[PDB]
Number of protein chains: 4
Amino acid sequence: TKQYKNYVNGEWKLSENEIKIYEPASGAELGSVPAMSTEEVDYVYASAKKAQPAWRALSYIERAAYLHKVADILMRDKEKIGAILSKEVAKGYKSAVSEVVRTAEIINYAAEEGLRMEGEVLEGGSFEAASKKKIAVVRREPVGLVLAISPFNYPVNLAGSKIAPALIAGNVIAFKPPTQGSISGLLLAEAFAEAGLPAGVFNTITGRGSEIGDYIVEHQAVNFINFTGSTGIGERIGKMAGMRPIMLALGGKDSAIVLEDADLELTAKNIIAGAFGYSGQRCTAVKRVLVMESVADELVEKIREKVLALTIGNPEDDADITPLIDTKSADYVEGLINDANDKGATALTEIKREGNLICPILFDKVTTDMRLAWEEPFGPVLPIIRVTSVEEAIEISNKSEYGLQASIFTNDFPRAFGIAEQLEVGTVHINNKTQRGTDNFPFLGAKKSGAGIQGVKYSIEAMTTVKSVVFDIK
Amino acid sequence: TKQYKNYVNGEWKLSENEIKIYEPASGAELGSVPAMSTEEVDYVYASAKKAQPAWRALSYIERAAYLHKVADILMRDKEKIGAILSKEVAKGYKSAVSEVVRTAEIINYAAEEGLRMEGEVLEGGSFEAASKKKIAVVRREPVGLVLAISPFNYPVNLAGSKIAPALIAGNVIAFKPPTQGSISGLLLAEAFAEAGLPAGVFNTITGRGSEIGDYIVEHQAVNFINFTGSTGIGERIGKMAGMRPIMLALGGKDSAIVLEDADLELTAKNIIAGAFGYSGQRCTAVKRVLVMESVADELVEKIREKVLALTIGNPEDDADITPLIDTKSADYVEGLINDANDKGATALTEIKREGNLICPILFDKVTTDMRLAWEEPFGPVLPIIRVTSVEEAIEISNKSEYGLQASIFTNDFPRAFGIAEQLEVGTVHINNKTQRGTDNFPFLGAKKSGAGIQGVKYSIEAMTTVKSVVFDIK
Amino acid sequence: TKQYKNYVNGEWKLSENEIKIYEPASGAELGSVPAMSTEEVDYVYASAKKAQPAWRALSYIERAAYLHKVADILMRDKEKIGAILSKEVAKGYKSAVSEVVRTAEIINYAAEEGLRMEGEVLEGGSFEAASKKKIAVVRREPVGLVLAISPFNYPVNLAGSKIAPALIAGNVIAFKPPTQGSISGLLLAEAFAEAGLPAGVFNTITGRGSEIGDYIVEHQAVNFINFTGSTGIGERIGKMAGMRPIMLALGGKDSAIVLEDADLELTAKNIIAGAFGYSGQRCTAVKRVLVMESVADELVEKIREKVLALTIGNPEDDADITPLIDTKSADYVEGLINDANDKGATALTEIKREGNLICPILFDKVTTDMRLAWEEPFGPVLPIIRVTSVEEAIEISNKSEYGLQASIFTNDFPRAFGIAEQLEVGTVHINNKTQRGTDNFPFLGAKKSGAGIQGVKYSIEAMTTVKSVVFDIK
Amino acid sequence: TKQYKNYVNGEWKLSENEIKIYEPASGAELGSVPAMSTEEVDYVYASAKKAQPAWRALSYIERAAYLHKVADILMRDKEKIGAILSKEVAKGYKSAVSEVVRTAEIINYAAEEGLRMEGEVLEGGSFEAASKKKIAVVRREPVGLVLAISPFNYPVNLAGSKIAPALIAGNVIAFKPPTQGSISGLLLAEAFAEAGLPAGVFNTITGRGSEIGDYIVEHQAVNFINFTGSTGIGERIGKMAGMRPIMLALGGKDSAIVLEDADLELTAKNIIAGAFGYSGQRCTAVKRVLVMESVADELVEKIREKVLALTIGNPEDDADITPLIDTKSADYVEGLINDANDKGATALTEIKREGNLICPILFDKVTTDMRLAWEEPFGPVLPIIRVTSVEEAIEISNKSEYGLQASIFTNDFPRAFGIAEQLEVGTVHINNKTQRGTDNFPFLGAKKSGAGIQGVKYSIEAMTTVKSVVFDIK
Ligand SMILES: NC(=O)c1ccc[n+]([C@@H]2O[C@H](COP(=O)([O-])OP(=O)(O)OC[C@H]3O[C@@H](n4cnc5c(N)ncnc54)[C@H](OP(=O)(O)O)[C@@H]3O)[C@@H](O)[C@H]2O)c1
Ligand SMILES: NC(=O)c1ccc[n+]([C@@H]2O[C@H](COP(=O)([O-])OP(=O)(O)OC[C@H]3O[C@@H](n4cnc5c(N)ncnc54)[C@H](OP(=O)(O)O)[C@@H]3O)[C@@H](O)[C@H]2O)c1
Ligand SMILES: NC(=O)c1ccc[n+]([C@@H]2O[C@H](COP(=O)([O-])OP(=O)(O)OC[C@H]3O[C@@H](n4cnc5c(N)ncnc54)[C@H](OP(=O)(O)O)[C@@H]3O)[C@@H](O)[C@H]2O)c1
């Protein structure tokens, strides 16, 4: 078996036990990753903690130089990395190479954003006359050791987005990728190893989350937990963090609200791209259409037609719709599909599953009584919900426990802004599908979708604290 | 004669000579103000300069308290002050009490904005590794003595908007109101006298600009010149400032661009209010309408009708259209009117002048060959210029030497934003008339409309410099 | 008994049950406060949640006006409130009126800071060329309902510091004061009632934390938990918060690091004031002195002498040392004293307790083996720990689980700055005692001393999130 | 003769007439640069104005890529460029290569600082209730065409420091190097040509300032003048700019204030390095020592001794002291030396001139009556002025018409900060010589030393304006 190793204190280490990884589309063995023991996790953390002071003592520009080197290596190796990633998570080849390119971009951008971090000088005389000579010189400091946890759908990009902002600020890292995506995670580690960051500054941890997951999070060496994944795990992490800071990006059931004055063709095009990209396996995917009754029939017909042009098949063929991550997930999606259909929603597409490959399906006239109106599928199934007012759309949208992003399609901008203000989400996109992008923009979820604000500069701010030095001028 | 005095080094001083001021509407004598000599100007400046160190030595909170007190005195005396102001500049009574209230508002806002001025800490390590222990502690400092010069149309407001931002930062002020408005100016000075700011911190200068103007500006005591007035004087101030910092708020020929999808009734209403407020004697007034041909006839008709609803008459009666500030001004407006008429423009309203009271006029079919298409009238005359494309509208708009603000009336917001990027102006108002409005918002002009950025925090920033203290941490 | 009521949805409500409050110094009964039931807590939250949308819909300026009005009432009532406060928490009368004045100040500052909150515009083109016309318009929004919990040592100030930053931003409040201080907290509520903030916008909750404590925190209506108090409770709150945002201000064991070149008289004076203020019942008190051996004897002598000049007695008599909050507390302190003494520490002052009034004690030759070297007493006892190097002082300082603040006394500033960087605390005061002081300055603790950054603007930032609206310019 | 060409609208152009350039140290011909006609200047400007809209239309990221490319070429050719720069301005070889490296750094830093420029969203509701739904979306825009003028002492570095901040923001450039330094300036142009910036975006102008100088500055195509040079020329530019924005970095006579508690060795080392670097031809050089009488003799001795260790000779030999830029300059410097000597100052070094190579001279006991007390020499001559108090030092320091920077040598930092606040300079360095670096730090002069703030981000802000888009949310 092709045995991958964790990167720990500047060395590559195998564990006594291993986890075999297979390609979700083909079933072919891809290799194995170590199933670390708690003692091995202890050594990672002790290694990072010992390296943190010297890493922090370096100048910002030196830390940036290291990150830029990592990003360069990723650019050079985008085809190598994308080829494996594509197979590991059944993501289209081109899309996987793209994920790597975006990872380098984020890493470069963080290096440069974090190198310009500035402090502030506050005046005691702003608050009290007797303190007019007292000033506070406030500078950012790292929180310490960051634990970064990435999800299967972007095992590399959503690791980089946490890692680089943490590192530029002087924090050290322990990176835990998802098990299905742990090889891609270790391929990312290679870049950090080749770049030559000092030993202990960047480290990886592998093993089943269901077995070492609580241990890595509960560990007292961890000063900050930065996680992307399911709402269920994220809730547990919230509790295990206790009073430690956290960044959580979790599930979504993003609504796309369509008013009577919408450009229906632009709406359908965006809805299709956002709903079906990566077979619906995105947190920010359009996951429910709240369309005013009067334009529904026309919009639905455009969606239906565009759904039929989606290619279906294998990762290597760059199909729009690839097989889902695993059996469990495809099973859960099919149950949601059956529930909708059994309850009487109107399927505009054929219901078909072959292995873990579910064919894209559109359900019209979905009601609040159907599971599919609420649950995040993470499969290529889209419900259309007909509404009779914008007030109803807002109510249905906000009734969700999720609040990541929303899309509003209309030609009435000032009104779209007024509706945005009422939507319990992080980001509202006007006349475009929802998306995390562009990476400098804030990325956050309301309610059960998240805690903390991401996007580059916000991640850096999240993973630093402040040191105030106060003195009197003579 | 009721003889007003200047506030100088905490005392009220008369001069050897005086200028009699008369009410523009009734011709009635209002009072007289001193006609200062160059030596008296010298004394104002030497007093201010002497007081500056101790005024800067106060805490921000102490300066803010003085400022809030001034604002409170203004609120208490709004009727007293607005009554005289109304008579001094032929401004509607209610509008004049309104100018005083806005002055108190700007003053209070500036006090609280300026008290929260923060500095920054920069890292040597952001730029070079060898300087990682070097930091720069950067704090704002006043420029010193500010010369504030207000125009006739807002003698009190456009004085407070310069003074309060100047003073909160620790600068000292020498305020020169316009001659026609100097009494109002001196009434404002009373508020500062009663608030009890230390002697020399705030002072006034009176005399004819055409005689002491160059002297007060060229004086080497002055560290900053903040002026609102004609483009003509503004240009001379630019040259006489030499390398000293300046704030110039000059004229405008604000265009109101009307697209085919505009809401015509809203457009007309905003156009009427913006073009005719204070008989068009505002820098930010809507001064030319660039309207798409297809909707022109309809929009023209609406404006015509609303023009007839405008009241005409005296200040005490709160008429919309009051007599112009002076003969010269009315004579200049009549010249533009005749040039447009004699060139073929269609006057939809009756051309009539009685004394200095000119009746509101709407001119249609104004071409680029007419003076009125370009020159700022400072009178109740509106030109309508029909275009056949947005591109044409943009070209014409930008062909002006002025560039204060523009209005865009459309229901296509993203396009409005795209257009706003191309307009050579400081502020673009979408579906609203142009306006200095909301004093916290930036206020600036491109090309011949200004230098520097106003609006509260921007004024504060303009009238402060920075003092950087660099040292190495051990 | 005088039976106080809670302010709930615009009404003053009593509960079935009540808790009787007694003066700690005299034992006299002060009155009673309600002991709310879980259903009454539910009513408070349901009322707040209902009032929130309309409170948010107001303009910043309107919410600020409400806040200023509250602070005005507090200034008017400072003696009435300080009188009771003094009795309820055995705080010197002048100190008590002072806390109320500081509260009004914090409230006004927050109103004015919060009203000026600004959003940002981010460019897609900063990150990717293809997104050059995409922009993000990011504005702050409230989190919703904030649960504010104040401690006994500043029941009113540490309530206002949470309340106003919360309300200015558009959040609603549920304030729970400490039981011993609940009357004072309810007196604060009177001001909010008189100010006339809409019903449900501001509400109080009373009851023993040990009984409704978890219930109020765990309630799903609460969107943010802002707490000051013990580290033990803070930890539990962190766990009960799950993934909801929190602000925790907990214990401290602030060290005062004295170098050989220190100004011993200045040092001694600051050490006395910080250590003994309010009988050592402040989170930020100087709690351990880490003095270089060579200057120890001289410094210790100066402290010893100054301790003897402290007044001991009742609240009404503005004594420096008042009786401790309760018996339990004084018993805890006495156990620390006995442990130090039994272990070999040299008490330079007499050990004496009468009721709950403990006389100020100076322990010299304290070792790391003594409980007093580590545990926060919250009583008038100061240990002196002699070190032989700055490095040692840094080690011992950082060895603590607390990290609120630190003092450094030296004439070598650049070195003091270098030491500050290494100290695991929020704020380092150079040549001054530690202090939350100047409320505009950031206030935070590292390690077990806290979570989140307080200080006005920081609290506002903490209790708001962002809403990003993204669109493409055409 | 090696004929250099100007880079204009993407082409390399010769002029009818040329200027021959000779090496200041050897007298050897170096090459010739064009002597442009007013018409050729007109073509540069028309070219840039035409290229501007399309350069602005690019994304920030694309403009940054071009700049980064330019920086890359400069690094690649640092020896080639430094070799000629060294010869052209008689700057030591390594120092010349060092100037090129610093230019690449500044270009890269500006590229990345500029790409992250963000806008602001202001709320009408902060100022007035009625305007609660109105917001201002404020974004930076370029000013248009920037005229950049560099000085002989850093013909390349002080070109790049103006050019890159201008270009990243979307401005176009016309670069006029100094005549003595025009070759190096054209070498810099080569890197912009090789980077492939579109035609007209970056252009050069060569000719004698005394002949086309006023022309290039008065030209109405120029939207901003960014100049580093003599105070004499800078004053004329101030006037010629009229109301157009400017950045002026002029002369300095930086004082190094030495207190009784100074570390005399560190003080002498810094004084020697700052005063004699590049033979005193630096705006930020230490130009006058204001030393407390009691430590004077000891400091003076240290300086005297360190002055003798300075190498004197040719550029190619990397001598500390090289020949001055020209005869006129060395003649001027000699006159200042003679005045000081004739007036009775104590020369601690021999007075010696061979060609234009003046040996480093230290004059003690300099009195306010000597020209050398006040005039900026731009030669290797240093006056020591003895004082009896810090107040006297401050008075003598501020009595100068220059106020670029100051140095304070002391072991009492809080006092140094109090002294800094009083010094009329832009930057005060504590226990270090004055210097423009690090380049992210602000760089500005008070009084006759400058107008505007430089240092990377400040340069970017100076050369951009704001476009405000106001609208009402529905
Ligand atoms: N388009 C037009 O024909 C027209 C006509 C009238 C007004 N306006 C407009 O009026 C607004 C300001 O009006 P304004 O007539 O009060 O402007 P202004 O005559 O330029 O004067 C504004 C201020 O500058 C002072 N001043 C005059 N000469 C000066 C000098 N040499 N040096 C220093 N200060 C000097 C004035 O004092 P004195 O009052 O003592 O002169 C007054 O306080 C601008 O928008 C301008 O467009 C335009
Ligand atoms: N060094 C010590 O051992 C010691 C002793 C006391 C205080 N302190 C310090 O003083 C500060 C805290 O003062 P404090 O004694 O007032 O502390 P505290 O008991 O933790 O309580 C602070 C606030 O939290 C409330 N609370 C108590 N239990 C709660 C629960 N389960 N859930 C939610 N809220 C709950 C309290 O209400 P109730 O009043 O109803 O309980 C009070 O309002 C910190 O420095 C701590 O270090 C230290
Ligand atoms: N006080 C003194 O007597 C003295 C003497 C030497 C140096 N300095 C110091 O020298 C530094 C500047 O060096 P520098 O000698 O290169 O200064 P400078 O002669 O003022 O020239 C700086 C730049 O200005 C250009 N220039 C000259 N006349 C101009 C005009 N009318 N309009 C526009 N641009 C014009 C120059 O081109 P050309 O090269 O073709 O003219 C040059 O690139 C400052 O620190 C200054 O204080 C002072």
Side-chain angles (χ1 to χ4, degrees), chain C residues 56-66 111-141 168-170 261 263 266 408-418 429-432 466-471 473, chain D residues 56-66 111-141 168-170 261 263 266 408-418 429-432 466-471 473:
Chain C
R56 180 190 161 192
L58 291 187
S59 70
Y60 282 98
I61 198 179
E62 302 176 90
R63 293 193 293 265
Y66 275 122
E112 284 302 322
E113 183 80 32
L115 75 84
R116 261 154 202 103
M117 245 39 197
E118 291 149 24
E120 35 186 11
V121 188
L122 306 170
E123 302 290 326
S126 293
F127 198 85
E128 98 173 10
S131 294
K132 84 180 157 200
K133 312 296 289 162
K134 191 184 290 293
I135 65 161
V137 178
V138 188
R139 305 163 62 214
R140 300 233 137 229
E141 279 193 1
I168 186 58
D261 68 293
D263 171 345
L266 164 144
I408 312 179
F409 298 88
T410 181
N411 276 344
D412 188 352
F413 260 58
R415 187 196 190 174
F417 246 89
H429 285 87
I430 302 182
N431 286 341
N432 272 314
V466 299
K467 172 74 59 67
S468 177
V469 176
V470 179
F471 70 90
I473 286 151
Chain D
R56 174 191 169 189
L58 292 186
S59 64
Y60 281 102
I61 189 160
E62 289 167 287
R63 290 192 300 262
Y66 275 125
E112 291 296 325
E113 179 78 32
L115 77 81
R116 254 152 207 99
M117 242 57 189
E118 298 158 9
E120 24 179 20
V121 185
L122 309 177
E123 304 281 339
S126 297
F127 195 88
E128 95 170 11
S131 300
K132 84 177 165 197
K133 308 299 288 164
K134 194 183 292 295
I135 61 174
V137 169
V138 188
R139 293 163 78 215
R140 301 232 137 231
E141 276 190 6
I168 188 58
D261 63 327
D263 170 338
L266 164 150
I408 307 170
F409 295 87
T410 170
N411 271 347
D412 183 344
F413 263 60
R415 182 183 194 193
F417 249 92
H429 282 87
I430 307 178
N431 293 326
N432 274 305
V466 120
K467 171 70 58 62
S468 178
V469 180
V470 178
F471 73 92
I473 286 149

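Chain naming here is simple, since letters A, B, ... match the order of the sequence lines and numbering starts at 1 in each.
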**Message:** If the condition is salt bridge (charged side-chain N to carboxylate O under 4.0 Å, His left out), which residues does C:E128 pass it with, not counting sequence neighbours?
**Reply:** none

**Asked** chain D heavy atoms under 4.5 Å from C:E62: which part of the residue, side chain, backbone, both or neither?
**Response** side chain

**Message:** Restricting to non-hydrogen atoms, name the atom on D:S126 and the atom on C:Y60 that form the minimum distance, rounded to 0.1 Å.
**Reply:** CA-CB, 4.4 Å

**Message:** Checking the side chain of C:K132 only, and the main-chain atoms of D:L58 only, is there a donor and an acceptor separated by less than 3.5 Å?
**Reply:** no

**Complete:** Most heavy-atom pairs under 4.5 Å with chain D, out of C:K133, C:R139, C:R63, belong to C:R139

**Request:** Please look at C:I430 and chain D and tell me whether the side chain, the backbone, both or neither of the residue comes under 4.5 angstrom of a heavy atom of that chain.
**Result:** neither

**Complete:** Rounded to the nearest 0.5 angstrom, the CZ-CG distance for C:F127 and D:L115 is 10.5 Å

**Prompt:** With chain C, which of D:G114, D:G124, D:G125 has the greatest number of heavy-atom pairs at distances under 4.5 Å?
**Reply:** D:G125

**Request:** Identify which part of C:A130 has an atom lying under 4.5 Å from any heavy atom of chain D, answering side chain, backbone, both or neither.
**Result:** neither

**Asked** Between C:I61, C:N431, C:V121, which residue shows the highest count of heavy-atom pairs closer than 4.5 Å to chain D?
**Response** C:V121

**Pairwise side-chain contact, D:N411 with C:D412, heavy-atom cut-off 4.5 Å (strictly under)** = no

**Item:** Point-to-point distance, once rounded to the nearest 0.5 Å, from CG of C:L122 to CE of D:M117
**Value:** 13.5 Å

**Prompt:** Does the side chain of C:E118 reach to within under 4.5 Å of the side chain of D:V138, using non-hydrogen atoms?
**Reply:** no

**Message:** Could you work out, with salt bridge (charged side-chain N to carboxylate O under 4.0 Å, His left out) as the rule, every residue matching D:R56, not counting sequence neighbours?
**Reply:** D:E141

